[PDB]
Every structure is written in C-alpha cells, then in structure tokens.
Amino acid sequence: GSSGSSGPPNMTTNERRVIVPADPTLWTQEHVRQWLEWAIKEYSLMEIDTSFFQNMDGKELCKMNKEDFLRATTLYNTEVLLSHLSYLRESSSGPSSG
C-alpha cells in the first residue's frame with residue numbers, strides 16, 4: 001500500500017456502498033455484476049473472472065455450485081461467495097427461523 005493505489009473502477013453510489021435486495025435470486029443481470037465487484041473490493045478477492053458473470057442473472061447465480069464457480073473464481077474466493085450467497089439466499093427481509 002502506502003499511496004500509489006490504482007484499483008479498478010468501483011461501482012457507483014452516494015458515498016461507498018452497494019444497493020441490492022436481500023434475496024440474491026432477485027438480482028438482475030446487473031446486480032450479479034455489482035455484488036461481484038463489491039465482494040472483491042471488500043474481501044480483497046483476486047484471480048476472479050467477473051466476465052463469467054457478465055450476463056449471469058441472479059437466478060443463474062444462486063444455482064451455480066462450487067464447481068461452476070471454480071471455473072470463474074479461485075477456490076478461496078469460491079468459498080467466500082458461496083458462503084455469502086448462502087445467507088442472502090436464506091433471507092428475504094423476513095424473520096429468523098428457530
């Protein structure tokens with residue numbers, strides 16, 4: 001670090017955050033892309049092929065598995081994304097089970 005930082009073009013926003021719905025299945029062809037670049041800049045992910053999800057609708061994003069994800073992102077990242085989407089998938093602005 002220490003200055004000299006020229007990372008990629010972050011997503012658009014008022015200050016610095018993402019605006020997407022709870023359920024990932026409702027994510028549009030754009031949302032899936034926004035959330036991607038986000039988790040990357042947030043969890044400092046690398047070696048990820050965002051292009052693979054250039055046209056992957058939220059629906060096709062929640063159906064993807066470790067394998068399908070491994071063909072676009074590294075194993076490490078595959079564990080983060082899957083884990084993250086795991087919760088968002090089981091959450092629709094509703095109450096908690098148990």
# chains A, B, ... in the order shown; residues from 1 in each chain; ligands from 1
call {"tool": "residues_around", "arguments": {"residues": "residue 23 in chain A", "least_positions_apart": "4", "cutoff": "8 Å", "atoms": "only C-alpha atoms", "output": "PyMOL selection string"}}
result
chain A and resi 27+88-92
call {"tool": "residues_around", "arguments": {"residues": "residue 9 in chain A", "least_positions_apart": "6", "cutoff": "12 Å", "atoms": "only C-alpha atoms", "output": "PyMOL selection string"}}
result
chain A and resi 34+37-38+40-41
call {"tool": "closest_residue", "arguments": {"among": "A:25, A:51, A:76, A:93", "to": "residue 64 in chain A", "atoms": "only C-alpha atoms"}}
result
A:25
call {"tool": "closest_residue", "arguments": {"among": "A:86, A:10, A:2, A:16", "to": "residue 63 in chain A", "atoms": "only C-alpha atoms"}}
result
A:86
call {"tool": "closest_residue", "arguments": {"among": "A:6, A:97, A:55, A:65", "to": "residue 28 in chain A", "atoms": "only C-alpha atoms"}}
result
A:55
call {"tool": "residues_around", "arguments": {"residues": "residue 52 in chain A", "least_positions_apart": "3", "cutoff": "10 Å", "atoms": "only C-alpha atoms", "output": "PyMOL selection string"}}
result
chain A and resi 33+48-49+55-56+68-69+71-73
call {"tool": "atom_distance", "arguments": {"atom1": "CA of residue 84 in chain A", "atom2": "CA of residue 45 in chain A"}}
result
13.3 Å
call {"tool": "atom_distance", "arguments": {"atom1": "CA of residue 70 in chain A", "atom2": "CA of residue 57 in chain A"}}
result
17.7 Å
call {"tool": "closest_residue", "arguments": {"among": "A:1, A:7, A:58, A:94", "to": "residue 24 in chain A", "atoms": "only C-alpha atoms"}}
result
A:58
call {"tool": "closest_residue", "arguments": {"among": "A:53, A:46, A:3, A:62", "to": "residue 74 in chain A", "atoms": "only C-alpha atoms"}}
result
A:46
call {"tool": "decode", "arguments": {"residues": "range 49-81 of chain A", "atoms": "N, CA and C atoms", "output": "PDB file, in the first residue's frame"}}
result
ATOM      1  N   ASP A  49     -12.789 -14.078 -12.291  1.00  0.00           N
ATOM      2  CA  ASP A  49     -13.247 -13.717 -13.628  1.00  0.00           C
ATOM      3  C   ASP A  49     -14.657 -13.136 -13.580  1.00  0.00           C
ATOM      4  N   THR A  50     -14.744 -11.826 -13.373  1.00  0.00           N
ATOM      5  CA  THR A  50     -16.032 -11.148 -13.303  1.00  0.00           C
ATOM      6  C   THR A  50     -16.788 -11.267 -14.621  1.00  0.00           C
ATOM      7  N   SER A  51     -16.049 -11.482 -15.705  1.00  0.00           N
ATOM      8  CA  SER A  51     -16.651 -11.612 -17.027  1.00  0.00           C
ATOM      9  C   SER A  51     -17.592 -12.811 -17.080  1.00  0.00           C
ATOM     10  N   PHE A  52     -17.221 -13.878 -16.379  1.00  0.00           N
ATOM     11  CA  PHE A  52     -18.031 -15.090 -16.346  1.00  0.00           C
ATOM     12  C   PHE A  52     -19.458 -14.778 -15.907  1.00  0.00           C
ATOM     13  N   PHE A  53     -19.612 -13.712 -15.129  1.00  0.00           N
ATOM     14  CA  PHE A  53     -20.924 -13.306 -14.639  1.00  0.00           C
ATOM     15  C   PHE A  53     -21.368 -12.000 -15.291  1.00  0.00           C
ATOM     16  N   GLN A  54     -20.842 -11.731 -16.481  1.00  0.00           N
ATOM     17  CA  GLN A  54     -21.182 -10.514 -17.209  1.00  0.00           C
ATOM     18  C   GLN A  54     -22.648 -10.524 -17.629  1.00  0.00           C
ATOM     19  N   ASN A  55     -23.228 -11.717 -17.710  1.00  0.00           N
ATOM     20  CA  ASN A  55     -24.626 -11.863 -18.100  1.00  0.00           C
ATOM     21  C   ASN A  55     -25.295 -12.989 -17.319  1.00  0.00           C
ATOM     22  N   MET A  56     -24.881 -13.159 -16.067  1.00  0.00           N
ATOM     23  CA  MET A  56     -25.442 -14.200 -15.213  1.00  0.00           C
ATOM     24  C   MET A  56     -26.496 -13.622 -14.272  1.00  0.00           C
ATOM     25  N   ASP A  57     -27.763 -13.817 -14.621  1.00  0.00           N
ATOM     26  CA  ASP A  57     -28.865 -13.315 -13.807  1.00  0.00           C
ATOM     27  C   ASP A  57     -28.812 -13.903 -12.401  1.00  0.00           C
ATOM     28  N   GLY A  58     -29.308 -13.143 -11.428  1.00  0.00           N
ATOM     29  CA  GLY A  58     -29.307 -13.604 -10.052  1.00  0.00           C
ATOM     30  C   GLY A  58     -29.726 -15.056  -9.927  1.00  0.00           C
ATOM     31  N   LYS A  59     -30.738 -15.446 -10.695  1.00  0.00           N
ATOM     32  CA  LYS A  59     -31.234 -16.817 -10.668  1.00  0.00           C
ATOM     33  C   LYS A  59     -30.128 -17.804 -11.026  1.00  0.00           C
ATOM     34  N   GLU A  60     -29.409 -17.514 -12.106  1.00  0.00           N
ATOM     35  CA  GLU A  60     -28.323 -18.378 -12.554  1.00  0.00           C
ATOM     36  C   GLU A  60     -27.116 -18.258 -11.628  1.00  0.00           C
ATOM     37  N   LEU A  61     -27.151 -17.265 -10.745  1.00  0.00           N
ATOM     38  CA  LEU A  61     -26.061 -17.041  -9.802  1.00  0.00           C
ATOM     39  C   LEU A  61     -26.267 -17.853  -8.527  1.00  0.00           C
ATOM     40  N   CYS A  62     -27.527 -18.085  -8.177  1.00  0.00           N
ATOM     41  CA  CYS A  62     -27.860 -18.850  -6.981  1.00  0.00           C
ATOM     42  C   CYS A  62     -27.840 -20.347  -7.270  1.00  0.00           C
ATOM     43  N   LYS A  63     -27.894 -20.697  -8.550  1.00  0.00           N
ATOM     44  CA  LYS A  63     -27.883 -22.096  -8.962  1.00  0.00           C
ATOM     45  C   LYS A  63     -26.455 -22.606  -9.119  1.00  0.00           C
ATOM     46  N   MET A  64     -25.531 -21.691  -9.396  1.00  0.00           N
ATOM     47  CA  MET A  64     -24.128 -22.049  -9.567  1.00  0.00           C
ATOM     48  C   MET A  64     -23.602 -22.789  -8.341  1.00  0.00           C
ATOM     49  N   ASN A  65     -22.704 -23.741  -8.571  1.00  0.00           N
ATOM     50  CA  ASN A  65     -22.124 -24.523  -7.484  1.00  0.00           C
ATOM     51  C   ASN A  65     -20.626 -24.257  -7.362  1.00  0.00           C
ATOM     52  N   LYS A  66     -19.992 -24.911  -6.395  1.00  0.00           N
ATOM     53  CA  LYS A  66     -18.560 -24.750  -6.173  1.00  0.00           C
ATOM     54  C   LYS A  66     -17.781 -24.965  -7.466  1.00  0.00           C
ATOM     55  N   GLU A  67     -18.187 -25.971  -8.236  1.00  0.00           N
ATOM     56  CA  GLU A  67     -17.526 -26.281  -9.498  1.00  0.00           C
ATOM     57  C   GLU A  67     -17.715 -25.150 -10.504  1.00  0.00           C
ATOM     58  N   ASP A  68     -18.969 -24.858 -10.827  1.00  0.00           N
ATOM     59  CA  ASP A  68     -19.287 -23.798 -11.777  1.00  0.00           C
ATOM     60  C   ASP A  68     -18.614 -22.489 -11.376  1.00  0.00           C
ATOM     61  N   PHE A  69     -18.460 -22.284 -10.073  1.00  0.00           N
ATOM     62  CA  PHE A  69     -17.832 -21.072  -9.558  1.00  0.00           C
ATOM     63  C   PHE A  69     -16.312 -21.166  -9.650  1.00  0.00           C
ATOM     64  N   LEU A  70     -15.793 -22.383  -9.534  1.00  0.00           N
ATOM     65  CA  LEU A  70     -14.353 -22.611  -9.603  1.00  0.00           C
ATOM     66  C   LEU A  70     -13.833 -22.378 -11.018  1.00  0.00           C
ATOM     67  N   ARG A  71     -14.737 -22.422 -11.990  1.00  0.00           N
ATOM     68  CA  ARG A  71     -14.368 -22.215 -13.386  1.00  0.00           C
ATOM     69  C   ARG A  71     -14.314 -20.727 -13.718  1.00  0.00           C
ATOM     70  N   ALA A  72     -14.538 -19.892 -12.709  1.00  0.00           N
ATOM     71  CA  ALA A  72     -14.513 -18.446 -12.894  1.00  0.00           C
ATOM     72  C   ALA A  72     -13.672 -17.769 -11.816  1.00  0.00           C
ATOM     73  N   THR A  73     -13.778 -18.270 -10.589  1.00  0.00           N
ATOM     74  CA  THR A  73     -13.029 -17.712  -9.470  1.00  0.00           C
ATOM     75  C   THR A  73     -12.215 -18.789  -8.762  1.00  0.00           C
ATOM     76  N   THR A  74     -11.156 -18.370  -8.077  1.00  0.00           N
ATOM     77  CA  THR A  74     -10.296 -19.299  -7.355  1.00  0.00           C
ATOM     78  C   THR A  74     -11.063 -20.014  -6.250  1.00  0.00           C
ATOM     79  N   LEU A  75     -10.490 -21.103  -5.748  1.00  0.00           N
ATOM     80  CA  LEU A  75     -11.122 -21.879  -4.685  1.00  0.00           C
ATOM     81  C   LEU A  75     -11.425 -21.000  -3.476  1.00  0.00           C
ATOM     82  N   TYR A  76     -10.411 -20.282  -3.003  1.00  0.00           N
ATOM     83  CA  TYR A  76     -10.569 -19.403  -1.853  1.00  0.00           C
ATOM     84  C   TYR A  76     -11.789 -18.502  -2.018  1.00  0.00           C
ATOM     85  N   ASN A  77     -11.861 -17.816  -3.155  1.00  0.00           N
ATOM     86  CA  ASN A  77     -12.977 -16.920  -3.437  1.00  0.00           C
ATOM     87  C   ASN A  77     -14.282 -17.701  -3.567  1.00  0.00           C
ATOM     88  N   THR A  78     -14.189 -18.915  -4.100  1.00  0.00           N
ATOM     89  CA  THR A  78     -15.361 -19.762  -4.280  1.00  0.00           C
ATOM     90  C   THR A  78     -16.017 -20.083  -2.942  1.00  0.00           C
ATOM     91  N   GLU A  79     -15.208 -20.140  -1.890  1.00  0.00           N
ATOM     92  CA  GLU A  79     -15.713 -20.438  -0.554  1.00  0.00           C
ATOM     93  C   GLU A  79     -16.400 -19.218   0.053  1.00  0.00           C
ATOM     94  N   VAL A  80     -15.867 -18.037  -0.243  1.00  0.00           N
ATOM     95  CA  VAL A  80     -16.427 -16.794   0.272  1.00  0.00           C
ATOM     96  C   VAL A  80     -17.769 -16.484  -0.382  1.00  0.00           C
ATOM     97  N   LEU A  81     -17.782 -16.454  -1.709  1.00  0.00           N
ATOM     98  CA  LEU A  81     -19.001 -16.170  -2.457  1.00  0.00           C
ATOM     99  C   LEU A  81     -20.119 -17.128  -2.059  1.00  0.00           C
TER     100      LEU A  81
END
